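Quick notes on the structure that follows.
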Amino acid sequence: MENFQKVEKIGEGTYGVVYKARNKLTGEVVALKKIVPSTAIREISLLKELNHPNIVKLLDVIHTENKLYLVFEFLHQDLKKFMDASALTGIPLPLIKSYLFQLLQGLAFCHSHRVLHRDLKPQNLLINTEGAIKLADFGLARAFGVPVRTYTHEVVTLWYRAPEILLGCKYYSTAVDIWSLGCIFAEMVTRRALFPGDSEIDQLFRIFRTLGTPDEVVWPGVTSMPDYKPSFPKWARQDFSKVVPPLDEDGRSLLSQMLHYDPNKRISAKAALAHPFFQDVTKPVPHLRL
Ligand SMILES: Nc1ncnc2c1ncn2[C@@H]1O[C@H](COP(=O)(O)OP(=O)(O)OP(=O)(O)O)[C@@H](O)[C@H]1O
Ligand SMILES: [Mg+2]
């Protein structure tokens, strides 16, 4: 830490506080996260080689006196803040599409190396002035554990959690990050979270009320999951024309496949990049005021 000057406190999250800092020798402006168990050091160290332009770069790992400091590339804004700033107008569709496309490329890269994010959400999607968007904190949930409250006792967002996780599947796949991104895609288009649950049962029941209570027809094996109960109410599925209205039929087809109940059938990131929705994809630059 003596090599870094804390410029400001950016925020705090699940695992610790994040500061904007300046490297006192390289001159570099970085984001410093102050979070050590053996398995986590090893796991965090492999993240250093998972480099991709749509993944926030992990520059260095500082393990000192029982404390762990992760040094990241710094981006000027997160997607929650961008959404809140664009609320009156909504993010134009071409930027939504470009962002979704780029995040899918990030996901196909990590997923092809068998690494899952596990906790995608707007705060973990960072943007710059050029039109790029990157996934932040990739791999940290597996490296450290995912607590019900943050280190600041603040609540864990359930809004983007895939239903297999909520139903108690222990070994879920890379399909959980596709569910999350699907949820974030719907939220960019409508300017409202898709499933804002405020407890596990609330989250699950918000899914069931839009997508229909899953059964053995749509998801073979669902009724035998750990937290599955035969007493769950039976709600009908709703039309995506009603769920994300402005979106065209390519968008709606892609989103429903990203929200498939059965994780084995949900589209993978690589097939999603070939969907017809991305046929006219471009890379606009956002209106960003730093
Ligand atoms: N590399 C980074 N560059 C710039 N700002 C960042 C960076 N990483 C995190 N921040 C921002 O700082 C704030 C704190 O992030 P942090 O990761 O602690 O919590 P979170 O993303 O909301 O939750 P989680 O801890 O589960 O990731 C968030 O708004 C995040 O957007
Ligand atoms: Mg984060």
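By convention here, the chains of the structure tokens are called A, B, ... in the order presented, each chain's residues are numbered starting at 1, and ligands are numbered starting at 1 in the order presented.
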
If the limit is 7 Å from any atom of ligand 2, counting only C-alpha atoms and all ligand atoms, which residues qualify? Return them as a list in words. residues 13, 123, 124, 136 and 137 of chain A

So that I can check the surroundings of residue A:193, please list as a PDB file with N, CA and C atoms, in the first residue's frame every protein, DNA and RNA residue that reaches within 9 Å of it, counting only C-alpha atoms and ignoring chain neighbours fewer than 3 positions away.
ATOM      1  N   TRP A 159     -31.667  -9.840  -7.335  1.00  0.00           N
ATOM      2  CA  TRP A 159     -32.386  -9.478  -8.576  1.00  0.00           C
ATOM      3  C   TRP A 159     -31.959 -10.200  -9.831  1.00  0.00           C
ATOM      4  N   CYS A 183     -31.390 -10.617 -17.527  1.00  0.00           N
ATOM      5  CA  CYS A 183     -32.108  -9.761 -16.617  1.00  0.00           C
ATOM      6  C   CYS A 183     -31.611  -8.292 -16.760  1.00  0.00           C
ATOM      7  N   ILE A 184     -30.284  -8.213 -16.946  1.00  0.00           N
ATOM      8  CA  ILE A 184     -29.790  -6.812 -17.084  1.00  0.00           C
ATOM      9  C   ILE A 184     -30.194  -6.222 -18.432  1.00  0.00           C
ATOM     10  N   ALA A 186     -33.072  -6.829 -20.091  1.00  0.00           N
ATOM     11  CA  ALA A 186     -34.465  -6.398 -19.920  1.00  0.00           C
ATOM     12  C   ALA A 186     -34.540  -5.067 -19.170  1.00  0.00           C
ATOM     13  N   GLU A 187     -33.732  -4.856 -18.122  1.00  0.00           N
ATOM     14  CA  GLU A 187     -33.646  -3.618 -17.370  1.00  0.00           C
ATOM     15  C   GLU A 187     -33.112  -2.416 -18.141  1.00  0.00           C
ATOM     16  N   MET A 188     -32.124  -2.541 -19.029  1.00  0.00           N
ATOM     17  CA  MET A 188     -31.721  -1.489 -19.898  1.00  0.00           C
ATOM     18  C   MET A 188     -32.894  -1.109 -20.797  1.00  0.00           C
ATOM     19  N   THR A 190     -36.269  -1.534 -20.534  1.00  0.00           N
ATOM     20  CA  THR A 190     -37.490  -0.976 -19.946  1.00  0.00           C
ATOM     21  C   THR A 190     -37.261   0.059 -18.909  1.00  0.00           C
ATOM     22  N   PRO A 196     -37.195  -7.504  -9.233  1.00  0.00           N
ATOM     23  CA  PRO A 196     -36.594  -6.895  -8.074  1.00  0.00           C
ATOM     24  C   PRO A 196     -36.904  -7.644  -6.795  1.00  0.00           C
TER      25      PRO A 196
END

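Of the listed residues A:95, A:244, A:1, A:269, the one whose atoms come nearest to residue A:174 is A:269, with distances taken using only C-alpha atoms.
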
At a cut-off of 6 Å around ligand 1, and using only C-alpha atoms and all ligand atoms, what residues come up? Please write them as a compact mmCIF listing (two decimals) with N, CA, C and O atoms, in the first residue's frame.
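Writing the result to out.txt gives the following:
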# COMPACT_ATOMS: atom_id res chain seq x y z
N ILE A 10 -14.67 5.10 -3.80
CA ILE A 10 -15.62 4.96 -4.91
C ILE A 10 -16.87 4.31 -4.32
O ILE A 10 -17.96 4.71 -4.74
N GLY A 11 -16.70 3.27 -3.51
CA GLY A 11 -17.92 2.64 -2.97
C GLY A 11 -17.46 1.46 -2.13
O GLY A 11 -16.25 1.31 -1.91
N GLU A 12 -18.38 0.62 -1.73
CA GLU A 12 -18.06 -0.52 -0.90
C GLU A 12 -19.02 -1.61 -1.33
O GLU A 12 -20.11 -1.25 -1.79
N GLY A 13 -18.59 -2.86 -1.21
CA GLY A 13 -19.49 -3.89 -1.68
C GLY A 13 -19.53 -5.12 -0.81
O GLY A 13 -19.42 -5.10 0.41
N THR A 14 -19.64 -6.24 -1.53
CA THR A 14 -19.75 -7.53 -0.89
C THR A 14 -18.52 -7.83 -0.04
O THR A 14 -18.65 -8.14 1.13
N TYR A 15 -17.36 -7.71 -0.67
CA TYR A 15 -16.12 -8.10 -0.04
C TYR A 15 -15.29 -7.00 0.57
O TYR A 15 -14.44 -7.38 1.38
N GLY A 16 -15.52 -5.73 0.21
CA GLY A 16 -14.71 -4.71 0.85
C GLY A 16 -14.89 -3.36 0.18
O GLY A 16 -15.80 -3.16 -0.59
N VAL A 17 -14.05 -2.39 0.52
CA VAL A 17 -14.22 -1.03 0.01
C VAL A 17 -13.36 -0.80 -1.22
O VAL A 17 -12.29 -1.39 -1.30
N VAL A 18 -13.80 0.06 -2.13
CA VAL A 18 -13.04 0.30 -3.37
C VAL A 18 -12.66 1.78 -3.38
O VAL A 18 -13.49 2.69 -3.22
N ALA A 31 -8.08 1.29 -9.51
CA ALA A 31 -9.15 1.09 -8.53
C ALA A 31 -8.59 0.03 -7.57
O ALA A 31 -8.18 -1.07 -7.89
N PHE A 72 -7.09 -3.00 -9.71
CA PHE A 72 -7.78 -3.12 -10.96
C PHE A 72 -7.58 -1.90 -11.86
O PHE A 72 -7.46 -0.82 -11.33
N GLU A 73 -7.79 -2.17 -13.16
CA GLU A 73 -7.89 -1.06 -14.12
C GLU A 73 -9.05 -0.19 -13.68
O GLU A 73 -10.07 -0.73 -13.19
N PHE A 74 -9.06 1.09 -13.76
CA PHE A 74 -10.09 2.00 -13.29
C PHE A 74 -11.00 2.42 -14.44
O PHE A 74 -10.43 2.76 -15.49
N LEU A 75 -12.31 2.41 -14.20
CA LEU A 75 -13.14 2.85 -15.35
C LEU A 75 -13.96 3.96 -14.67
O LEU A 75 -14.21 3.80 -13.47
N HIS A 76 -14.42 4.88 -15.47
CA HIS A 76 -15.05 6.00 -14.83
C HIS A 76 -16.46 5.83 -14.42
O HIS A 76 -16.87 6.80 -13.77
N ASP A 78 -20.07 3.01 -13.71
CA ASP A 78 -20.67 1.70 -13.71
C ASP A 78 -22.02 1.88 -14.41
O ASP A 78 -22.49 3.03 -14.56
N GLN A 123 -23.64 -2.87 -11.18
CA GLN A 123 -22.52 -2.29 -10.49
C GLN A 123 -21.22 -2.98 -10.93
O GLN A 123 -20.16 -2.47 -10.68
N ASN A 124 -21.30 -4.17 -11.47
CA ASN A 124 -20.19 -4.99 -11.90
C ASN A 124 -19.98 -4.85 -13.42
O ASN A 124 -19.40 -5.72 -14.00
N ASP A 137 -14.96 -7.69 -11.20
CA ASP A 137 -15.10 -8.76 -10.14
C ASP A 137 -15.34 -10.13 -10.67
O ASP A 137 -15.88 -10.98 -9.95

Computed gap from atom CA of residue A:157 to atom CA of residue A:197 is 8.1 Å

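Taking atom CA of residue A:175 as the reference point, atom CA of residue A:139 is found at 14.8 Å.
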
For residue A:274, work out the shell of residues within 12 Å, counting only C-alpha atoms and skipping chain neighbours fewer than 3 positions away, then give it as a ChimeraX atom specification. /A:101,104-105,108,250,254,267-271,277-281

Export, as a PDB file, in the first residue's frame, the selected residues with N, CA, C and O atoms.
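Below you can see result-v1.pdb, which holds the result:
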ATOM      1  N   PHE A 101     -23.653  -7.183 -26.657  1.00  0.00           N
ATOM      2  CA  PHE A 101     -22.785  -7.917 -27.538  1.00  0.00           C
ATOM      3  C   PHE A 101     -21.379  -8.111 -26.954  1.00  0.00           C
ATOM      4  O   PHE A 101     -20.812  -9.209 -26.984  1.00  0.00           O
ATOM      5  N   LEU A 104     -21.458 -10.343 -23.916  1.00  0.00           N
ATOM      6  CA  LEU A 104     -21.468 -11.717 -24.351  1.00  0.00           C
ATOM      7  C   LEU A 104     -20.079 -12.170 -24.803  1.00  0.00           C
ATOM      8  O   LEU A 104     -19.700 -13.328 -24.583  1.00  0.00           O
ATOM      9  N   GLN A 105     -19.321 -11.300 -25.502  1.00  0.00           N
ATOM     10  CA  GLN A 105     -17.969 -11.703 -25.881  1.00  0.00           C
ATOM     11  C   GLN A 105     -17.180 -11.914 -24.610  1.00  0.00           C
ATOM     12  O   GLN A 105     -16.425 -12.887 -24.577  1.00  0.00           O
ATOM     13  N   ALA A 108     -18.308 -15.333 -23.213  1.00  0.00           N
ATOM     14  CA  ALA A 108     -17.841 -16.515 -23.958  1.00  0.00           C
ATOM     15  C   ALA A 108     -16.367 -16.784 -23.690  1.00  0.00           C
ATOM     16  O   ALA A 108     -15.963 -17.949 -23.701  1.00  0.00           O
ATOM     17  N   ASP A 250     -36.518  -9.817 -32.685  1.00  0.00           N
ATOM     18  CA  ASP A 250     -35.183 -10.465 -32.522  1.00  0.00           C
ATOM     19  C   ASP A 250     -34.699 -10.403 -31.051  1.00  0.00           C
ATOM     20  O   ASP A 250     -34.217 -11.343 -30.411  1.00  0.00           O
ATOM     21  N   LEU A 254     -34.121 -13.548 -28.498  1.00  0.00           N
ATOM     22  CA  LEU A 254     -32.861 -13.694 -27.785  1.00  0.00           C
ATOM     23  C   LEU A 254     -33.096 -13.664 -26.268  1.00  0.00           C
ATOM     24  O   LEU A 254     -32.589 -14.517 -25.543  1.00  0.00           O
ATOM     25  N   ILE A 267     -29.509 -20.347 -23.806  1.00  0.00           N
ATOM     26  CA  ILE A 267     -28.474 -20.205 -24.848  1.00  0.00           C
ATOM     27  C   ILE A 267     -27.119 -19.971 -24.200  1.00  0.00           C
ATOM     28  O   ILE A 267     -27.014 -19.401 -23.101  1.00  0.00           O
ATOM     29  N   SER A 268     -26.037 -20.465 -24.824  1.00  0.00           N
ATOM     30  CA  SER A 268     -24.723 -20.141 -24.281  1.00  0.00           C
ATOM     31  C   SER A 268     -24.323 -18.760 -24.805  1.00  0.00           C
ATOM     32  O   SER A 268     -24.912 -18.183 -25.726  1.00  0.00           O
ATOM     33  N   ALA A 269     -23.295 -18.127 -24.263  1.00  0.00           N
ATOM     34  CA  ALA A 269     -22.828 -16.840 -24.749  1.00  0.00           C
ATOM     35  C   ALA A 269     -22.359 -16.934 -26.221  1.00  0.00           C
ATOM     36  O   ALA A 269     -22.704 -16.020 -26.994  1.00  0.00           O
ATOM     37  N   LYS A 270     -21.621 -18.001 -26.567  1.00  0.00           N
ATOM     38  CA  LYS A 270     -21.187 -18.150 -27.943  1.00  0.00           C
ATOM     39  C   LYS A 270     -22.379 -18.278 -28.898  1.00  0.00           C
ATOM     40  O   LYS A 270     -22.351 -17.647 -29.961  1.00  0.00           O
ATOM     41  N   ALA A 271     -23.397 -19.104 -28.653  1.00  0.00           N
ATOM     42  CA  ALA A 271     -24.513 -19.080 -29.616  1.00  0.00           C
ATOM     43  C   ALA A 271     -25.242 -17.744 -29.608  1.00  0.00           C
ATOM     44  O   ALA A 271     -25.692 -17.220 -30.636  1.00  0.00           O
ATOM     45  N   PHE A 277     -30.381 -10.970 -33.639  1.00  0.00           N
ATOM     46  CA  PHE A 277     -30.429  -9.671 -32.990  1.00  0.00           C
ATOM     47  C   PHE A 277     -29.156  -8.868 -33.253  1.00  0.00           C
ATOM     48  O   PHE A 277     -29.328  -7.678 -33.323  1.00  0.00           O
ATOM     49  N   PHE A 278     -27.979  -9.489 -33.314  1.00  0.00           N
ATOM     50  CA  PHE A 278     -26.745  -8.723 -33.504  1.00  0.00           C
ATOM     51  C   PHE A 278     -26.337  -8.445 -34.942  1.00  0.00           C
ATOM     52  O   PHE A 278     -25.261  -7.910 -35.226  1.00  0.00           O
ATOM     53  N   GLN A 279     -27.255  -8.658 -35.875  1.00  0.00           N
ATOM     54  CA  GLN A 279     -26.945  -8.474 -37.292  1.00  0.00           C
ATOM     55  C   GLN A 279     -26.551  -7.026 -37.564  1.00  0.00           C
ATOM     56  O   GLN A 279     -25.638  -6.921 -38.358  1.00  0.00           O
ATOM     57  N   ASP A 280     -27.187  -6.044 -36.969  1.00  0.00           N
ATOM     58  CA  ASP A 280     -26.801  -4.659 -37.295  1.00  0.00           C
ATOM     59  C   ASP A 280     -26.063  -4.022 -36.130  1.00  0.00           C
ATOM     60  O   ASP A 280     -26.287  -2.843 -35.827  1.00  0.00           O
ATOM     61  N   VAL A 281     -25.329  -4.817 -35.364  1.00  0.00           N
ATOM     62  CA  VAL A 281     -24.700  -4.279 -34.164  1.00  0.00           C
ATOM     63  C   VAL A 281     -23.552  -3.333 -34.554  1.00  0.00           C
ATOM     64  O   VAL A 281     -22.832  -3.533 -35.523  1.00  0.00           O
TER      65      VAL A 281
END

Residue A:30 environment, 8 Å, only C-alpha atoms, sequence neighbours closer than 2 positions dropped, as number ranges by chain: A: 20-23, 28, 32, 71-74

Excluding same-chain residues fewer than 5 positions from residue A:168, what lies within 10 Å of it counting only C-alpha atoms, as a PyMOL selection string? chain A and resi 163+225-228

Residues near residue A:251, cut-off 9 Å, only C-alpha atoms, skip fewer than 4 positions along chain, as number ranges by chain: A: 97, 247, 255-256, 276-278
